[PDB]
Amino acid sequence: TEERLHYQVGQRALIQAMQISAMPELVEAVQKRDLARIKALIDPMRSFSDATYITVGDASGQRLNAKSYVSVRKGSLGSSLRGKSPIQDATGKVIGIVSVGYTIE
């Protein structure tokens, strides 16, 4: 019952994902391959949010579908709830992907 509150975390990951992948500073950085700017635009967020991890991705999936969702992977030391939202340009084309991760022990 208390653990069933995955949506407690799941919804946090979702919104957070939508917001982080929507930031113009990140949108700019992702386009210009400014891994430096990206690094300075996420590190703070880590300690800020109670998110186990955060990840910025490229259109191909490289390690710097118009729809946002929540991923749930179960196995070993609980399960990981990771919200995911795409990074769009002014035309909507998927230029990247944000994946904020969470954990429920």
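Numbering starts at 1 and follows the sequence shown.
Unresolved deposited residues in the interval that joins residue 64 and residue 65: The entry leaves 10 or more residues without coordinates here.
Mean C-alpha B-factor comparison - 17-25 and 87-95, higher one: On average, C-alpha B-factors are higher across 87-95.
C-alpha B-factor winner, where the candidates are 72, 54, 30, 36: Highest C-alpha B-factor among the listed options: 36.
B-factor third for the C-alpha atom of residue 68 within its chain: Ranked within chain, residue 68 CA B lands in the lowest tercile.
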